[PDB]
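>>> Pasting the sequence and an experimental structure:
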Amino acid sequence: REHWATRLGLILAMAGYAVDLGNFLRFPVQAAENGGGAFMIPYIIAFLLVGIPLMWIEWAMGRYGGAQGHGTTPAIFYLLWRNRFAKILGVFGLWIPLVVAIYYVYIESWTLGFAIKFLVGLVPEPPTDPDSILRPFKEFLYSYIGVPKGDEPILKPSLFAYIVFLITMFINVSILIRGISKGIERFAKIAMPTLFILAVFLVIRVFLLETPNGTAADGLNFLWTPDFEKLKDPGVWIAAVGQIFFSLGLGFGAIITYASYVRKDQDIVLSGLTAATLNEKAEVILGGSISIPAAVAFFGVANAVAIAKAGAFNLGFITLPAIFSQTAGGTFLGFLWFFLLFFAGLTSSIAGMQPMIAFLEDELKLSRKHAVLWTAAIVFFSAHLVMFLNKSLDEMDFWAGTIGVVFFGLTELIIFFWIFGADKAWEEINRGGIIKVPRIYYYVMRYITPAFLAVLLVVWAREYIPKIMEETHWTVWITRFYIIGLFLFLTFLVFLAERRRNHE
Ligand SMILES: CCCCCCCCO[C@@H]1O[C@H](CO)[C@@H](O)[C@H](O)[C@H]1O
Ligand SMILES: CCCCCCCCO[C@@H]1O[C@H](CO)[C@@H](O)[C@H](O)[C@H]1O
Ligand SMILES: O[C@]1(c2ccc(Cl)cc2)c2ccccc2C2=NCCN21
Ligand code: NA
Ligand code: NA
C-alpha cells in the first residue's frame, strides 16, 4: 500500500484539503452575518464539540481500514459492522466526493480562468457609482459561465471557460496519477507554502488600502466587533456547527481515504489536531483579513451589511475583481487573488477524487494509472451537466455537498463509536498517539457529537428540503435523475467488487 512519506507532507495534504475557497469567502461572510466577533463563541465551541472529535474519528477509521488494504467506506463500514446494509451506506462515502468533484473542479477552473484573464489584462476596465463598476464585472462573469440570457435554463460557457476546464482537469490528473507520496504529498509541500505567501502578501496590501470611502481597519472593525445579541438566535449556533463541519470537510469520505495511507501505528491524534488548526488559522487570520476588509475599504462601512448579504460568491467573483480594477497594480493583485483561490481549490479537488481512485485500486484491483484515468473520465463527462444546465450545480451541492455530508457524518459516528464499539474505537484513535485524546472526549464523541449532528440535520431537513422540492424548476429532476444513477452505478461496482473477492 502507498503511504505518506513524511509527517509534514501528511499534515500539509490534510490541511490542503480543508483550506479551500470557503476559508477566504464563506467564513468571513458567515462571521459578519452571525455576530461578528461574537460568532467566535459558538465557533470555538463547535470546533471543540464537533469538528475535532469527528475529525479524529475519521482519521482513525481511515488508518484502521488502510491497515487491511481498504481506503474507502464500503469496505471499511463492512469491517466495523459486518452487515449488507453497511456496504450500501458506505457507497455514500464514495458517491458524495464524486458528485462534489463533478461541479467543484469546474468552479476551480473559473479561478484559474480569471487568474489568466487578469494577468494578460483581458478584463473589464470601468468607468463613479458602485453599480457602474460592479456591472461590467457581473457581465464578465456571466459571459464566462454563459449565464442564460433567456427563459431557458441553458448555460453557454465560453470557449475560454471550456479550455480552462480541460486544463484544470489535466492538472488534477497530472498530480493524482503520480500517487500519494510522489504526487499528492509532493504537491502539498509546494502549494501550501505558496498559498501562505500569496495570502500574506494580500493581507499586507489590503491593510494599506485607503479610499475616500474607508480603510481596511474599517473592514476589520465591522467584521470583528461582537454582537452578542445574536447569540440568542438558534440559527447562529446552527451556522457555527455548520461552518465548522464544512470548513474541515468532514463527512465527504476524503479524510478517511487520505488517512488510509497512514501506517498502522503512526500518530493521528496530534497530526489531525495540527491539520484542523492550520485550517482554522488560515480561516480566521488570513481569510478574514482579505475579502471583507478590502470590500469595506472600497465601498465604505455603510455598505458592509449589504456586501455580507450579497454572499460569498459575489464577493469573490464580482465585488473584489471590481475593486482590483480600481486599485493601483490591481491587475497583478487580481491575478494573485485568483491564483490563491485556484491552489485552494486544487489542493481540495485532488483529495476529493482520491476516494474513487482508491476504490478502483483497492477493490477492483485497477492500476493507479487506470484508476485515475477512469475517475477523471467519469468526472469530466458528468461535469458537462454542470457546465450546460443552469442550477444543476446548486442541486448537486445540496444533496451531496450539504444534506449528504451531515447525514454521512452522523453515520460514521454511529458505526464506529456505537456499533463497532466505543472502547475498540477509543483505543483505535489513541494508538501510536504522540499525545493522547483527553478522556473527556470519550463522552463528547459518544453523546454530544452525534447529538449536535442530529439536531443540525433535522433543522436543515425541515428548513431546506421542502423549498428545494416544491419551488424549483422541472429541470432539477434532470440532476436528481443523474446523481441517483451515479449512486446506482457505484452500488453495482460495490456489487462487482464483492463478487470478484468470492472468486479469488
Ligand atoms: C465559496 C465560493 C463558492 C462558489 C459559489 C459558486 C456558486 C455560483 O453558481 C452559479 O452562479 C451563477 C452566477 O449567478 C448563477 O448564474 C448560477 O445559477 C449559479 O449556479
Ligand atoms: C454530449 C457531450 C457533448 C459535450 C459538448 C462539449 C463541447 C461543446 O462545447 C461548446 O462549444 C463551444 C466550443 O465547442 C464552447 O464555447 C463551449 O465549450 C460549449 O458551449
Ligand atoms: O472544497 C471542499 C471540497 C470537498 C470535496 C471535493 Cl471533491 C472538492 C471540494 C468543499 C466543497 C463544498 C463544501 C465543503 C467543502 C470542503 N471542506 C474542505 C474541502 N472542501
Ligand atoms: Na476550510
Ligand atoms: Na484546498
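Yes, it's here. Numbering: from 1, shown residues only. Ligands and ions are numbered 1, 2, ... in the order given.
>>> If you tally nearby residues, what's the number for the residue in the stretch 351-500 of the chain that ligand 2 sits nearest to?
Nearest residue of the stretch 351-500 of the chain to ligand 2, counting by CB to the nearest ligand atom: residue 384, 4.9 Å away. All C-beta spots, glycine's among them, are computed from the backbone N, C-alpha and C. By the measure other CB atoms under 10 Å, the count of residues near residue 384 is 15.
>>> what helix or strand is it on?
Taking DSSP states H and E as the criterion, residue 384 maps to helix 368-388.
>>> Tell me if the helix or strand hosting residue 108 is near ligand 2.
Per DSSP H and E, residue 108 falls inside helix 92-119. No: between helix 92-119 and ligand 2, judged by CB under 6 Å from any ligand atom, nothing touches; the nearest distance is 11.5 Å.
>>> Mind listing what's buried along that helix?
92-119 (16 or more other CB atoms under 10 Å).
>>> With stretch 182-200 instead?
Buried residues in stretch 182-200 (16+ other CB under 10 Å): 183-189, 191-192, 195-196, 198-199.
>>> packing partners for the following helix or strand past the helix holding residue 108?
The C-terminal neighbour of helix 92-119 among helices and strands, as given by DSSP H and E, is helix 130-145. On a contact count with 3 or more CB pairs under 8 Å, 6 or more residues apart in numbering; DSSP states H and E, helix 130-145 meets helix 92-119, helix 159-176, helix 320-324.
>>> out of the ones you listed, which comes closest to ligand 4?
Ligand 4 lies closest, by CB to the ion, to one member of those: helix 92-119, at 13.1 Å.
>>> Centre of the chain to that closest one, how far?
In terms of CA atoms, centre = their mean, to the nearest Å, the centre of helix 92-119 is set 10 Å apart from its chain centre.
>>> Mind checking the helices and strands packed on helix 130-145 for the one nearest to residue 80?
Taking CB to CB, helix 92-119 is the member of those nearest to residue 80, at 12.2 Å.
>>> does stretch 264-284 come close to ligand 5?
No: judged by CB under 5 Å from the ion, stretch 264-284 makes no contact with ligand 5; its nearest approach is 9.3 Å.
>>> Is there proximity between stretch 20-32 and ligand 5?
Yes: on the criterion CB under 5 Å from the ion, stretch 20-32 is in touch with ligand 5 at residue 20.
>>> pull the CA atoms of that stretch into CSV?
Coordinates of each C-alpha in stretch 20-32 appear next as CSV, following Å, rounded to 0.1, in the frame of the first residue of the first chain:
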residue,chain,number,x,y,z
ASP,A,20,-10.5,25.9,0.3
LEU,A,21,-12.5,28.7,-1.3
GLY,A,22,-14.7,28.7,1.8
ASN,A,23,-11.8,29.8,4.0
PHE,A,24,-11.4,33.1,2.1
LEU,A,25,-15.0,33.8,1.1
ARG,A,26,-17.7,31.8,3.0
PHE,A,27,-16.3,32.1,6.6
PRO,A,28,-15.9,35.9,6.6
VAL,A,29,-19.5,36.4,5.3
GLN,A,30,-20.8,33.9,7.9
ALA,A,31,-19.0,35.6,10.7
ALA,A,32,-20.2,39.1,9.7
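>>> who's in contact with it?
Stretch 20-32 is contacted from outside by 39-40, 43, 107, 111, 199, 222-223, 239, 243, 246-247, 249, 279, 282-284, 286-288, 290-292, 304-305, 308, 311-313, 315-316, 340-341, 344-345, 347-348, using CB atoms under 8 Å, 6 or more residues apart in numbering.
>>> Turn the buried ones among these into a named ChimeraX selection, would you?
In ChimeraX, this line selects whichever of these come out buried by 16+ other CB under 10 Å:
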select :39,40,43,107,111,199,222,223,239,243,246,247,249,279,282,283,284,286,287,288,290,291,292,304,308,312,315,316,340,341,344,345,347,348
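>>> near ligand 3 too, which of the contacts of stretch 20-32?
Restricting the contacts of stretch 20-32 to those near ligand 3 by CB under 6 Å from any ligand atom leaves 246, 249, 348.
>>> Keep only those of these that are in helices.
Members of these lying in helices (criterion: DSSP state H): 246, 348.
>>> So residue 286 versus residue 198, what's the distance?
Computed as CB to CB, to the nearest Å, the residue 286 to residue 198 distance reads 9 Å.
>>> My error: substitute residue 190 in the last question.
Distance from residue 190 to residue 198, by CB to CB: 12 Å.
>>> residues in the stretch 151-300 of the chain within reach of ligand 3, list them.
So the stretch 151-300 of the chain meets ligand 3 at 246, 249, 252, 254 (CB under 6 Å from any ligand atom).
>>> now with 8 Å?
246-250, 252, 254, 279 (CB under 8 Å from any ligand atom).
>>> Isn't residue 215 up against residue 299?
No: using CB atoms under 8 Å, residue 215 makes no contact with residue 299, being 11.9 Å away.
>>> higher neighbour count, those two?
Ranked by neighbour count (other CB under 10 Å), residue 215 and residue 299 place residue 299 first, with 22 against 19.
>>> rewinding a little: helices and strands around the helix holding residue 384, which ones?
Here helix 368-388 touches helix 92-119, helix 159-176, helix 330-362, helix 392-398, helix 476-503, going by 3+ CB pairs under 8 Å, 6+ apart.
>>> ok, it near ligand 3 or not?
No: Helix 368-388 is not in contact with ligand 3 by CB under 8 Å from any ligand atom; minimum separation 8.9 Å.
>>> Of the contacts of stretch 20-32, which ones also sit close to ligand 1?
Counting by CB under 8 Å from any ligand atom, the members of the contacts of stretch 20-32 near ligand 1 are 107, 312-313, 316.
>>> Which ones among these map onto helices?
107, 312-313.
>>> And the residues you listed, which is closest to ligand 2?
residue 107 (15.8 Å).
>>> Please list all residues in contact with that closest one.
Going by CB under 8 Å, 6+ apart, residue 107 touches 21, 345, 393.
>>> thinking again about what came up before, nearest to residue 465, of the helices and strands packed on helix 130-145?
helix 92-119 (17.1 Å).
>>> Report the inter-axis angle for the closest one versus helix 476-503.
Here the directions of helix 92-119 and helix 476-503 differ by 120 degrees (axes from the mean of the first three to the mean of the last three CA atoms, to 10 degrees).
>>> ok, helix 92-119 near ligand 5 or not?
No: using CB under 5 Å from the ion, helix 92-119 stays clear of ligand 5, coming no nearer than 9.3 Å.
>>> Number the residues from 37 up from this point.
Got it, the first residue is 37 from now on, which makes the last one we talked about helix 128-155.
>>> by how many degrees do that helix and helix 195-212 diverge?
Using the same axes, to 10 degrees: helix 128-155 against helix 195-212 is 120 degrees.
>>> Setting aside sequence neighbours, what's the nearest residue to the one residue in the stretch 437-540 of the chain that gets nearest to ligand 1?
Closest approach of the stretch 437-540 of the chain to ligand 1 (CB to the nearest ligand atom) occurs at residue 437, with a separation of 10.4 Å. Of all residues beyond its chain neighbours, the one nearest residue 437 is residue 136 (5.0 Å), with distances taken as CB to CB, 6 or more residues apart in numbering.
>>> Please apply the same query to residue 289.
residue 129 (3.5 Å).
>>> separation between that neighbour and ligand 2?
Distance of residue 129 to ligand 2, computed by CB to the nearest ligand atom, to the nearest Å: 29 Å.
>>> How about residue 38?
The value you get for residue 38 to ligand 2, if CB to the nearest ligand atom is used, is 34 Å.
>>> Repeat that for residue 337.
From residue 337 over to ligand 2 (counting by CB to the nearest ligand atom), the distance is 41 Å.
>>> SS state for residue 363?
coil (DSSP: H, G, I helix; E, B strand; the rest coil).
>>> Tell me who's in contact with it.
245, 334, 369.
>>> Looks like the second one contacts residue 361 (just checking).
No: using CB under 8 Å, residue 334 and residue 361 do not qualify as a contacting pair, with a distance of 10.7 Å.
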